[PDB]
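Below is one structure; the comments refer to it alone.
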Amino acid sequence: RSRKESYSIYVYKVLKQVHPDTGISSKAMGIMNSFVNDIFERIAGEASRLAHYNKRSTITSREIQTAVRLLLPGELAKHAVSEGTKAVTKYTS
Amino acid sequence: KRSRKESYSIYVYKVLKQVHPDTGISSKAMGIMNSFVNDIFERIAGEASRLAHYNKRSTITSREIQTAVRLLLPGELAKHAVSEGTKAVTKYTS
Amino acid sequence: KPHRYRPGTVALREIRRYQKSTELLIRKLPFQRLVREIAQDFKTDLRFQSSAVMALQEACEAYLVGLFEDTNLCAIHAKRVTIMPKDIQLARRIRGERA
Amino acid sequence: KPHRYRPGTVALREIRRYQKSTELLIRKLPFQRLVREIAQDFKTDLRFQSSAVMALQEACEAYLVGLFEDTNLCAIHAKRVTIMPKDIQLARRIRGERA
Amino acid sequence: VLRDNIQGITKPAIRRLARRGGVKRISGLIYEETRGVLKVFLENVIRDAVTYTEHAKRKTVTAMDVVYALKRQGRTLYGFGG
Amino acid sequence: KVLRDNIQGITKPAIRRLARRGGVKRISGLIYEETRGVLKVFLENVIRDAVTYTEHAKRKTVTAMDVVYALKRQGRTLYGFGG
Amino acid sequence: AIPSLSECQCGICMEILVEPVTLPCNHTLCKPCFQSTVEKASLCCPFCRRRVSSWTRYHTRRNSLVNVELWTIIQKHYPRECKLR
Amino acid sequence: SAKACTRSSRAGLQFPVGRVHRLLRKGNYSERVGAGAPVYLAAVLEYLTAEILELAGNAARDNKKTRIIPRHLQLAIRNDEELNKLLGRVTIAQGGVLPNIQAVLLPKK
Amino acid sequence: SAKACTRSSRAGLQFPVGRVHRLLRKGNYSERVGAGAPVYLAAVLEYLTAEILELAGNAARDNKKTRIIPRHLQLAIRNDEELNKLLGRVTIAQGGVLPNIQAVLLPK
Amino acid sequence: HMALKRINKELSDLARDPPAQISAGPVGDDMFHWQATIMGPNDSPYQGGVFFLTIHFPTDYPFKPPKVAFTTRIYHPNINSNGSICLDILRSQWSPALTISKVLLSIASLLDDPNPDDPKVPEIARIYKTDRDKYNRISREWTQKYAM
DNA sequence: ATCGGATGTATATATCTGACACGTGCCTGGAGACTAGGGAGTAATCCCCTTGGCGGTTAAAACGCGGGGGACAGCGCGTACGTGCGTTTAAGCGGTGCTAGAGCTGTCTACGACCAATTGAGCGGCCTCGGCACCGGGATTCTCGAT
DNA sequence: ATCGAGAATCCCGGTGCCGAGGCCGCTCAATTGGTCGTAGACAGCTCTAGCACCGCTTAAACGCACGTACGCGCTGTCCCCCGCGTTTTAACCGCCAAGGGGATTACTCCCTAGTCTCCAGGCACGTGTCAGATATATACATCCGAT
Ligand SMILES: [Zn+2]
Ligand SMILES: [Zn+2]
């Protein structure tokens, strides 16, 4: 056997932050892990394509922000952009 | 002078003269042919790279391109393209 | 003397029951045998993991449920409640499967 | 004494004439005005290349042609020859654009 | 300033498209629905086109941006570049 | 150990159950053959890609990951089996 | 008029025509030569050099490659050497 | 920040910044990767996961259970409009379907 | 094949092997690219282009023309089943529509 | 098999009426390796030049073109020191229906006039394109110091 | 407009079982300090083309009328499918046994990345002549009211 | 079943135009040669689980009888798009004029890949335990024939 990676612990921590009482089964863990991987792949691929179009050779924060703006719908885009900007601002200092 | 730009116009013209010795092509169709070539190249290259990454590899050999061609193109086109590419590789190595 | 329902009420009860639950609706062994028979044509002497068959069954059931969901609307559009093969063909043509 | 074609025989002539031709069908300046008025809402004081406007017009025409083909199929399915907004709504719902 | 330009899509301009599509007889309520769906599609394409234009710190909507938006939406276009 | 015409294993009650889940109230008698044909076509299309994936990797047992990849390639992503 | 042995042959191998395939360019040759050329030669007519990959791609699905109208006649009128080869 | 704690905590995030950064760097997306991209991506992922988990928990509480199961996730995703548009083509295993019947099919009064 | 000559002629091809190799290298597709992939890719691309060009040329010659306008390309793509399946979602500029009318609409 | 029969029949065809200013023959018992002597064309700067070439037949024929190499060293736009000829017939559009007589006459024609469209080495091609006189004199010197 | 059977659905209580949540070892990957180089930010500048405007002519849009044909409402037929009961069939669960093959590990050699020199394949700019666009004339070919 | 008048479409012939194919000058990217770190091809071992079988249930499927309700074809009405003629409206072509920002070049700096060393976060593994599925027995919602 070898190490197999997943997002189980982080999803569990987020669930405990949101809903202190409820619990989560294994199939829900698999579904959430697959969804997270899918969204990560989508956003990263769109950001890479956006970087390649502009003849640049790097993926800065603004390209991820524009990819999020392109992918997510109108209502979720504002909240996602606000969360990302807040996280970046808190991290930079 | 304007900066250099790259396109597949001359190669498409050579192929057209190879198949139809006396039939020219318009520029508005040369652009469409160039776009078709670019799109097919992008599709095949992306599929082959994805297939190579799924097997924990770091090299795009002829096998990955061949399997990507088999997955992408329909049946008869896939068979003919595989035969042509295998013949080309065999002729190139020897 | 005996009690029996009018045509249609049992259909509505079955619709409610099946939309309420989530279990699979195709018998496992016949579907596994069909999958093996289809696969043996492409490459002989194959083996199947216990999860690939389940994934195939889930995908097929979801696709069929979606197709019947579209077929119901297609049938209702023509002032009918019964679904017939022309409805399925029209839905497939519109969806782009064979257009 | 005046000569009038029967209702429904000039439509077939128009279909035959237009399916064999390839020019743009919508006027250029009205489409330019519509595109500029739509785009100025998202970000004010924008400039458009002619090629971009032409591409938008031709993509819109192709999309409308496909939608009307599907609408005609839906209308023929319901034992009719006219096309009505419910056919368009049903075609869009099946295609998944609206859902 | 420009407003109420949706009427630029005239009744003959929609009848011609329907005739190309293969429609024999048309009702009278089709035109408004066609205008609405065309407006929706144009807004959907222009949103991505403007996003592409603004990301590059530009001010002109190049046809390449429109082609990329159409390809992203799943309606790849041949002829204007790419 | 050859297998013949196992497509008859998708019996009429299973098709009626699937239609009931899909929201159908009344079913004609000719639906079953069309449903079997559509299911056979879809299975063939998915399994061809699955076999191609498992043959490019030099194996003899198809894994669920190959089925998930084939479904994703065809445009129907599936959660619940890794990825 | 019936064609004789001189006017019915596979010029590629210069051997008696067997299960031929007829190209749209009106050139005829025996099937094994056609198969080996279509997979291994330049994918064109060896006589007039016309691209024929579209034709064979279309006709492979329906198994209409063989020209039975002439193959059956040649086999019927020349049983001897057909039995020999 | 003081750049003394973990990078995930340095941005107020529960998702791993380092793992996302490594995935972007070695995932064959671009020649270079900026220092701010993984934080943004992890924040977006955490926000989306928190939203879906909150909706699933609400659906679970409505059903009187306490353990989230795939049916609850399917209900939460399909009931909301934004996530239904986002996950348009996603098929969820063992998720069921929304309960609905057409108005025509219902019996007359 | 004998060395000491250009790569695009060693395989008997017409598309450029070197340009395809550079695109594969710098397309962010993979860390390393084999020496045989560009030849196979160029052969496949040239085969597809030759197919489309031959069909378009036949369509143009049917119309007593000596040039290939995009309408001929659209006719060639739509008429063939395999190319239509390959390019189902693609829209060709100024390609028009393949003529067809439903049998019901026709007069009786 | 069929390749040997075709070799025998083409040898018979060559024997019954050999082409002018060219004569080919097998090296020995085997038929795969042949040597051919060819006389230079009269309207060429290679007057009185006799040229020896070697041709090798693969296991499959005519479906692969045979490999040709000039034994001597010549100053021609489509030739190198290795003796291989940059002819599209030899590698690109070789056809099974084509006979060795056709390719030999094609090589003779290339000797009569070269092709600068796709030369193997382009330096001497542009040498030919620049001035006819000094190319003619250098070719005459090469063919006098090599063929004779 | 309901009444009462009768059916199925919904609700309250014991129970026991296996999957969920937490403790532990540890090792593999993540964090920290330092270095070097190139990718990107920024300032100047050129000129391509996009916006703005005028004049004309005319092909297309707008408007109104007569009317035939198609949408739609209603009705009667009877045939196909829903509903229920008896019987036959193979799915489903447990239990065990076997080995083909996925999976992990040590070797090292051949394939590919990296870099300097160099020149020819390929691109930008010109140009001219022929294939294509346009107009006039007549023959061809559906079409419809009248027989 | 048709004759024939009137209208739309195709063939043909002549005339002119602009853009596509060939050519020249040139700058930069592909080639060739050589070196070096390493990716995976291969042999070998392990041990997981996929396949095969057997025995016992009882749950789902099959066949058939009966009845009804809905698909379908038919008929009648009205109203609403279609074809046509006339008039108004702005599209389209050609022209002129200006300036804005797209594109390019040059300069410089600091951001991130690359390196090594050190340590702790999460994964594999194990175990206790209660959430929920099940069985069992009542309370109520709802369907159907008929007053
Ligand atoms: Zn032969
Ligand atoms: Zn021929």
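Ligands are numbered from 1 in the order shown, chains are lettered A, B, ... in the order of the structure tokens, and residues start at 1 in each chain.
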
Ligand 2: which residues are within 6 Å, counting only C-alpha atoms (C1' of nucleotides) and all ligand atoms, as a PyMOL selection string? chain G and resi 25+27+45+47-50

Once chain D is fitted onto chain C by least squares over all its in-order Cα atoms, send the moved chain as a tab-separated table (two decimals) with N, CA and C atoms, in the first residue's frame.
```
chain	number	residue	atom	x	y	z
D	1	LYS	N	-67.65	-6.61	-5.69
D	1	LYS	CA	-67.11	-6.73	-4.33
D	1	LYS	C	-65.58	-6.59	-4.26
D	2	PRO	N	-64.83	-7.18	-5.20
D	2	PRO	CA	-63.39	-6.92	-5.23
D	2	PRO	C	-63.10	-5.44	-5.43
D	3	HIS	N	-62.04	-4.97	-4.78
D	3	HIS	CA	-61.65	-3.57	-4.81
D	3	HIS	C	-60.53	-3.38	-5.83
D	4	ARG	N	-60.78	-2.56	-6.84
D	4	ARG	CA	-59.81	-2.26	-7.88
D	4	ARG	C	-59.61	-0.76	-7.98
D	5	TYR	N	-58.36	-0.33	-7.97
D	5	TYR	CA	-58.05	1.08	-8.15
D	5	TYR	C	-58.32	1.52	-9.58
D	6	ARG	N	-58.69	2.79	-9.74
D	6	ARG	CA	-58.99	3.31	-11.06
D	6	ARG	C	-57.72	3.33	-11.92
D	7	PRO	N	-57.83	3.00	-13.21
D	7	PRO	CA	-56.67	3.10	-14.10
D	7	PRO	C	-56.02	4.47	-14.06
D	8	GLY	N	-54.76	4.52	-13.64
D	8	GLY	CA	-54.01	5.76	-13.61
D	8	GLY	C	-53.81	6.38	-12.24
D	9	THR	N	-54.24	5.73	-11.17
D	9	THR	CA	-53.99	6.24	-9.83
D	9	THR	C	-52.88	5.49	-9.10
D	10	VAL	N	-52.54	4.28	-9.55
D	10	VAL	CA	-51.39	3.58	-8.99
D	10	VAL	C	-50.11	4.08	-9.63
D	11	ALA	N	-50.18	4.57	-10.88
D	11	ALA	CA	-49.00	5.12	-11.53
D	11	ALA	C	-48.48	6.35	-10.80
D	12	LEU	N	-49.38	7.22	-10.36
D	12	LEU	CA	-48.96	8.40	-9.60
D	12	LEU	C	-48.33	7.99	-8.27
D	13	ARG	N	-48.90	6.98	-7.61
D	13	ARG	CA	-48.32	6.47	-6.37
D	13	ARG	C	-46.92	5.93	-6.62
D	14	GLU	N	-46.73	5.20	-7.72
D	14	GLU	CA	-45.41	4.68	-8.05
D	14	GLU	C	-44.43	5.81	-8.33
D	15	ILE	N	-44.87	6.85	-9.04
D	15	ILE	CA	-44.00	7.99	-9.32
D	15	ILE	C	-43.56	8.65	-8.02
D	16	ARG	N	-44.51	8.88	-7.11
D	16	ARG	CA	-44.18	9.51	-5.83
D	16	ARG	C	-43.24	8.63	-5.02
D	17	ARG	N	-43.46	7.32	-5.03
D	17	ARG	CA	-42.62	6.41	-4.25
D	17	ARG	C	-41.21	6.33	-4.81
D	18	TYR	N	-41.07	6.35	-6.14
D	18	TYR	CA	-39.77	6.15	-6.75
D	18	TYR	C	-38.95	7.43	-6.82
D	19	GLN	N	-39.60	8.59	-6.96
D	19	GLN	CA	-38.85	9.84	-6.98
D	19	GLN	C	-38.25	10.17	-5.62
D	20	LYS	N	-38.76	9.57	-4.54
D	20	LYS	CA	-38.22	9.80	-3.21
D	20	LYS	C	-37.19	8.76	-2.80
D	21	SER	N	-36.93	7.76	-3.64
D	21	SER	CA	-35.98	6.71	-3.34
D	21	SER	C	-34.79	6.79	-4.29
D	22	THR	N	-33.67	6.17	-3.89
D	22	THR	CA	-32.40	6.37	-4.58
D	22	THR	C	-31.64	5.09	-4.90
D	23	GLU	N	-32.20	3.91	-4.67
D	23	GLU	CA	-31.46	2.70	-4.98
D	23	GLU	C	-31.39	2.49	-6.49
D	24	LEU	N	-30.56	1.52	-6.89
D	24	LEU	CA	-30.50	1.14	-8.29
D	24	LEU	C	-31.77	0.40	-8.69
D	25	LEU	N	-32.19	0.61	-9.94
D	25	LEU	CA	-33.46	0.07	-10.43
D	25	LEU	C	-33.31	-1.16	-11.30
D	26	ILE	N	-32.17	-1.33	-11.96
D	26	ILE	CA	-31.92	-2.49	-12.80
D	26	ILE	C	-31.19	-3.55	-11.98
D	27	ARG	N	-31.52	-4.81	-12.23
D	27	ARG	CA	-30.88	-5.91	-11.53
D	27	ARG	C	-29.39	-5.95	-11.82
D	28	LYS	N	-28.61	-6.39	-10.83
D	28	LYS	CA	-27.16	-6.28	-10.92
D	28	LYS	C	-26.57	-7.34	-11.85
D	29	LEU	N	-26.90	-8.61	-11.63
D	29	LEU	CA	-26.34	-9.67	-12.46
D	29	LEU	C	-26.71	-9.56	-13.94
D	30	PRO	N	-27.96	-9.29	-14.33
D	30	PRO	CA	-28.23	-9.09	-15.76
D	30	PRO	C	-27.41	-7.97	-16.38
D	31	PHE	N	-27.23	-6.87	-15.65
D	31	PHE	CA	-26.42	-5.77	-16.18
D	31	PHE	C	-24.95	-6.18	-16.28
D	32	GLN	N	-24.45	-6.94	-15.31
D	32	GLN	CA	-23.08	-7.44	-15.39
D	32	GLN	C	-22.90	-8.32	-16.61
D	33	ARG	N	-23.86	-9.21	-16.86
D	33	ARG	CA	-23.77	-10.09	-18.03
D	33	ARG	C	-23.81	-9.28	-19.32
D	34	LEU	N	-24.70	-8.28	-19.39
D	34	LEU	CA	-24.78	-7.44	-20.58
D	34	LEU	C	-23.48	-6.69	-20.82
D	35	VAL	N	-22.90	-6.12	-19.76
D	35	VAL	CA	-21.66	-5.36	-19.91
D	35	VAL	C	-20.52	-6.26	-20.34
D	36	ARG	N	-20.41	-7.45	-19.73
D	36	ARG	CA	-19.34	-8.36	-20.12
D	36	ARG	C	-19.50	-8.82	-21.57
D	37	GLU	N	-20.74	-9.11	-21.99
D	37	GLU	CA	-20.96	-9.56	-23.36
D	37	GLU	C	-20.67	-8.46	-24.36
D	38	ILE	N	-20.98	-7.21	-24.01
D	38	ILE	CA	-20.67	-6.09	-24.89
D	38	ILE	C	-19.16	-5.88	-24.97
D	39	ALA	N	-18.47	-5.95	-23.82
D	39	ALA	CA	-17.06	-5.60	-23.78
D	39	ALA	C	-16.18	-6.68	-24.40
D	40	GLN	N	-16.60	-7.95	-24.31
D	40	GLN	CA	-15.79	-9.02	-24.86
D	40	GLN	C	-15.68	-8.94	-26.38
D	41	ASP	N	-16.55	-8.16	-27.03
D	41	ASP	CA	-16.44	-7.98	-28.47
D	41	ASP	C	-15.25	-7.11	-28.83
D	42	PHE	N	-15.00	-6.06	-28.05
D	42	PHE	CA	-13.92	-5.13	-28.37
D	42	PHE	C	-12.55	-5.76	-28.12
D	43	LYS	N	-12.39	-6.45	-26.99
D	43	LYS	CA	-11.14	-7.12	-26.67
D	43	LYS	C	-11.46	-8.33	-25.81
D	44	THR	N	-11.06	-9.51	-26.27
D	44	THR	CA	-11.44	-10.75	-25.60
D	44	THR	C	-10.68	-10.92	-24.29
D	45	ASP	N	-11.29	-11.67	-23.37
D	45	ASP	CA	-10.71	-12.02	-22.07
D	45	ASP	C	-10.37	-10.74	-21.30
D	46	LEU	N	-11.41	-10.02	-20.91
D	46	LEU	CA	-11.29	-8.84	-20.08
D	46	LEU	C	-11.83	-9.12	-18.68
D	47	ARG	N	-11.33	-8.34	-17.72
D	47	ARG	CA	-11.74	-8.44	-16.32
D	47	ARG	C	-12.27	-7.10	-15.86
D	48	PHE	N	-13.31	-7.13	-15.03
D	48	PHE	CA	-14.00	-5.93	-14.58
D	48	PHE	C	-13.97	-5.83	-13.06
D	49	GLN	N	-13.56	-4.67	-12.56
D	49	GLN	CA	-13.73	-4.37	-11.15
D	49	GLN	C	-15.20	-4.10	-10.85
D	50	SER	N	-15.61	-4.39	-9.62
D	50	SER	CA	-17.00	-4.18	-9.23
D	50	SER	C	-17.38	-2.71	-9.30
D	51	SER	N	-16.46	-1.83	-8.90
D	51	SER	CA	-16.75	-0.40	-8.92
D	51	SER	C	-17.03	0.10	-10.33
D	52	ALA	N	-16.28	-0.41	-11.32
D	52	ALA	CA	-16.52	0.00	-12.70
D	52	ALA	C	-17.91	-0.41	-13.17
D	53	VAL	N	-18.33	-1.63	-12.85
D	53	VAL	CA	-19.66	-2.09	-13.24
D	53	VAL	C	-20.73	-1.25	-12.56
D	54	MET	N	-20.55	-0.94	-11.27
D	54	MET	CA	-21.52	-0.11	-10.57
D	54	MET	C	-21.60	1.28	-11.19
D	55	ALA	N	-20.45	1.86	-11.54
D	55	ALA	CA	-20.45	3.18	-12.17
D	55	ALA	C	-21.16	3.15	-13.52
D	56	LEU	N	-20.90	2.11	-14.32
D	56	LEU	CA	-21.59	1.98	-15.60
D	56	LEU	C	-23.10	1.89	-15.39
D	57	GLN	N	-23.53	1.07	-14.44
D	57	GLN	CA	-24.96	0.90	-14.19
D	57	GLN	C	-25.60	2.22	-13.77
D	58	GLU	N	-24.94	2.96	-12.87
D	58	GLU	CA	-25.56	4.16	-12.34
D	58	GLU	C	-25.58	5.28	-13.38
D	59	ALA	N	-24.51	5.39	-14.19
D	59	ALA	CA	-24.51	6.35	-15.28
D	59	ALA	C	-25.60	6.03	-16.30
D	60	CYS	N	-25.77	4.75	-16.63
D	60	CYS	CA	-26.82	4.36	-17.57
D	60	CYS	C	-28.20	4.69	-17.01
D	61	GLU	N	-28.41	4.42	-15.72
D	61	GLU	CA	-29.70	4.74	-15.11
D	61	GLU	C	-29.97	6.24	-15.14
D	62	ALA	N	-28.96	7.06	-14.83
D	62	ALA	CA	-29.16	8.51	-14.87
D	62	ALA	C	-29.47	8.99	-16.29
D	63	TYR	N	-28.75	8.45	-17.28
D	63	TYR	CA	-29.01	8.83	-18.67
D	63	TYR	C	-30.42	8.45	-19.09
D	64	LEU	N	-30.87	7.24	-18.73
D	64	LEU	CA	-32.22	6.81	-19.08
D	64	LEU	C	-33.27	7.67	-18.39
D	65	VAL	N	-33.03	8.04	-17.13
D	65	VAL	CA	-33.98	8.89	-16.41
D	65	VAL	C	-34.11	10.24	-17.09
D	66	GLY	N	-32.98	10.84	-17.47
D	66	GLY	CA	-33.03	12.11	-18.18
D	66	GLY	C	-33.74	12.00	-19.51
D	67	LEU	N	-33.45	10.94	-20.26
D	67	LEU	CA	-34.08	10.74	-21.56
D	67	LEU	C	-35.59	10.57	-21.41
D	68	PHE	N	-36.03	9.83	-20.39
D	68	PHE	CA	-37.46	9.66	-20.17
D	68	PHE	C	-38.13	10.94	-19.70
D	69	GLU	N	-37.42	11.78	-18.93
D	69	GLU	CA	-37.98	13.08	-18.58
D	69	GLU	C	-38.22	13.93	-19.82
D	70	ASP	N	-37.22	13.97	-20.71
D	70	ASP	CA	-37.38	14.72	-21.96
D	70	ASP	C	-38.49	14.13	-22.82
D	71	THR	N	-38.59	12.80	-22.85
D	71	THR	CA	-39.64	12.13	-23.62
D	71	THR	C	-41.02	12.48	-23.07
D	72	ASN	N	-41.16	12.52	-21.75
D	72	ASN	CA	-42.43	12.89	-21.15
D	72	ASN	C	-42.79	14.33	-21.49
D	73	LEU	N	-41.81	15.23	-21.46
D	73	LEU	CA	-42.07	16.61	-21.88
D	73	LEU	C	-42.55	16.66	-23.32
D	74	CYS	N	-41.88	15.92	-24.21
D	74	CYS	CA	-42.27	15.91	-25.62
D	74	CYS	C	-43.68	15.35	-25.80
D	75	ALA	N	-44.01	14.29	-25.05
D	75	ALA	CA	-45.33	13.68	-25.18
D	75	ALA	C	-46.42	14.60	-24.66
D	76	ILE	N	-46.16	15.32	-23.56
D	76	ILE	CA	-47.13	16.29	-23.07
D	76	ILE	C	-47.29	17.43	-24.07
D	77	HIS	N	-46.21	17.80	-24.77
D	77	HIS	CA	-46.30	18.87	-25.75
D	77	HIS	C	-47.31	18.57	-26.85
D	78	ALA	N	-47.45	17.30	-27.25
D	78	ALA	CA	-48.32	16.91	-28.35
D	78	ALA	C	-49.73	16.56	-27.88
D	79	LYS	N	-50.16	17.11	-26.75
D	79	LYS	CA	-51.50	16.88	-26.20
D	79	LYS	C	-51.77	15.39	-25.99
D	80	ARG	N	-50.82	14.71	-25.36
D	80	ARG	CA	-50.95	13.29	-25.05
D	80	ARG	C	-50.40	13.03	-23.66
D	81	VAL	N	-50.73	11.86	-23.12
D	81	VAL	CA	-50.17	11.40	-21.86
D	81	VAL	C	-49.29	10.17	-22.04
D	82	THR	N	-49.54	9.35	-23.05
D	82	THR	CA	-48.66	8.23	-23.34
D	82	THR	C	-47.36	8.73	-23.96
D	83	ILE	N	-46.32	7.90	-23.87
D	83	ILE	CA	-45.04	8.16	-24.51
D	83	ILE	C	-44.83	7.12	-25.60
D	84	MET	N	-44.42	7.57	-26.77
D	84	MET	CA	-44.29	6.74	-27.95
D	84	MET	C	-42.89	6.89	-28.53
D	85	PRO	N	-42.43	5.93	-29.33
D	85	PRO	CA	-41.05	5.99	-29.83
D	85	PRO	C	-40.72	7.25	-30.61
D	86	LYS	N	-41.71	7.86	-31.27
D	86	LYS	CA	-41.43	9.10	-31.99
D	86	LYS	C	-41.04	10.22	-31.04
D	87	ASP	N	-41.60	10.25	-29.83
D	87	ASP	CA	-41.17	11.23	-28.84
D	87	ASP	C	-39.70	11.03	-28.47
D	88	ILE	N	-39.29	9.78	-28.26
D	88	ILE	CA	-37.89	9.50	-27.94
D	88	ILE	C	-36.98	9.92	-29.08
D	89	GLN	N	-37.38	9.60	-30.32
D	89	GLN	CA	-36.57	9.97	-31.48
D	89	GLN	C	-36.45	11.48	-31.60
D	90	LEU	N	-37.55	12.21	-31.40
D	90	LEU	CA	-37.51	13.66	-31.49
D	90	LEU	C	-36.63	14.26	-30.40
D	91	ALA	N	-36.75	13.75	-29.17
D	91	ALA	CA	-35.92	14.27	-28.08
D	91	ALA	C	-34.45	14.02	-28.35
D	92	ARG	N	-34.10	12.83	-28.83
D	92	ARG	CA	-32.71	12.54	-29.14
D	92	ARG	C	-32.20	13.41	-30.29
D	93	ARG	N	-33.04	13.66	-31.29
D	93	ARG	CA	-32.63	14.51	-32.40
D	93	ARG	C	-32.38	15.94	-31.94
D	94	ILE	N	-33.27	16.48	-31.10
D	94	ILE	CA	-33.07	17.84	-30.60
D	94	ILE	C	-31.83	17.92	-29.72
D	95	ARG	N	-31.62	16.92	-28.86
D	95	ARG	CA	-30.44	16.92	-28.00
D	95	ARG	C	-29.15	16.83	-28.79
D	96	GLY	N	-29.21	16.41	-30.06
D	96	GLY	CA	-28.04	16.29	-30.89
D	96	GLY	C	-27.31	14.97	-30.77
D	97	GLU	N	-27.84	14.01	-30.01
D	97	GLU	CA	-27.18	12.72	-29.86
D	97	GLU	C	-27.17	11.95	-31.17
D	98	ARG	N	-28.29	11.97	-31.90
D	98	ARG	CA	-28.42	11.24	-33.16
D	98	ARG	C	-28.22	12.15	-34.37
D	99	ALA	N	-29.00	13.22	-34.46
D	99	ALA	CA	-28.93	14.17	-35.58
D	99	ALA	C	-29.09	13.47	-36.93
```

Could you pull the residues within 9 Å of residue K:39, counting only C-alpha atoms (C1' of nucleotides), minus those fewer than 5 positions along the same chain, as a list in words?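 Contacts, with the query itself left out: residues 56, 57 and 58 of chain A.
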
Kindly save the residues from that selection, with N, CA, C and O atoms included, as a short mmCIF file (atom, residue, chain, number, x, y, z; two decimals), in the first residue's frame.
```cif
data_model
loop_
_atom_site.label_atom_id
_atom_site.label_comp_id
_atom_site.auth_asym_id
_atom_site.auth_seq_id
_atom_site.Cartn_x
_atom_site.Cartn_y
_atom_site.Cartn_z
N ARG A 56 1.91 35.85 -21.77
CA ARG A 56 2.60 35.81 -20.50
C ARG A 56 2.93 34.36 -20.14
O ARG A 56 2.36 33.41 -20.69
N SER A 57 3.86 34.20 -19.20
CA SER A 57 4.32 32.88 -18.79
C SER A 57 4.27 32.74 -17.27
O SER A 57 5.20 32.21 -16.65
N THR A 58 3.19 33.21 -16.66
CA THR A 58 3.01 33.06 -15.22
C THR A 58 1.52 33.18 -14.91
O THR A 58 0.75 33.72 -15.70
#
```

Hey, what's within 12 Å of residue F:52 if we count only C-alpha atoms (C1' of nucleotides) and toss same-chain stuff fewer than 5 positions away? As JSON, numbers by chain, please? {"B": [51, 64, 66, 67, 68, 69, 70, 71, 72], "C": [39, 42, 43], "F": [45, 46, 47, 57, 58, 59, 60, 61, 62, 66, 67, 69, 70]}

Quick one: write out the picked residues with C-alpha atoms as an mmCIF file, in the first residue's frame?
```
data_model
loop_
_atom_site.group_PDB
_atom_site.id
_atom_site.type_symbol
_atom_site.label_atom_id
_atom_site.label_comp_id
_atom_site.auth_asym_id
_atom_site.auth_seq_id
_atom_site.Cartn_x
_atom_site.Cartn_y
_atom_site.Cartn_z
ATOM 1 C CA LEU B 51 -3.518 10.777 -21.122
ATOM 2 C CA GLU B 64 0.030 8.715 -26.436
ATOM 3 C CA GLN B 66 -1.944 7.343 -31.279
ATOM 4 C CA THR B 67 -4.312 6.579 -28.402
ATOM 5 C CA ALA B 68 -5.529 10.190 -28.425
ATOM 6 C CA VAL B 69 -6.215 9.859 -32.161
ATOM 7 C CA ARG B 70 -8.114 6.618 -31.545
ATOM 8 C CA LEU B 71 -10.217 8.275 -28.835
ATOM 9 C CA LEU B 72 -10.907 11.506 -30.725
ATOM 10 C CA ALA C 39 -17.067 -5.598 -23.682
ATOM 11 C CA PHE C 42 -13.830 -5.074 -28.298
ATOM 12 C CA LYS C 43 -11.109 -7.130 -26.585
ATOM 13 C CA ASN F 45 -19.956 4.049 -26.754
ATOM 14 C CA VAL F 46 -18.814 4.196 -23.125
ATOM 15 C CA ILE F 47 -17.198 0.748 -23.030
ATOM 16 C CA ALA F 57 -2.076 1.371 -19.890
ATOM 17 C CA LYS F 58 -1.113 -2.266 -20.661
ATOM 18 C CA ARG F 59 -3.559 -3.997 -18.319
ATOM 19 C CA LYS F 60 -6.286 -6.634 -18.508
ATOM 20 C CA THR F 61 -8.754 -5.449 -15.822
ATOM 21 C CA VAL F 62 -10.858 -2.329 -16.340
ATOM 22 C CA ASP F 66 -11.254 4.309 -16.608
ATOM 23 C CA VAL F 67 -15.064 4.393 -16.671
ATOM 24 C CA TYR F 69 -12.538 9.162 -17.354
ATOM 25 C CA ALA F 70 -14.542 7.890 -20.333
#
```

Among listed residues J:132, J:147, J:126, J:64, nearest chain K (using only C-alpha atoms (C1' of nucleotides)):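 Comparing J:132, J:147, J:126, J:64 against chain K, the winner is J:126.
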
Helix (DSSP H, G or I) residues, from DSSP on the backbone, in stretch 20-58 of chain G, as an MDAnalysis selection string: chainID G and resid 31:40 53:58
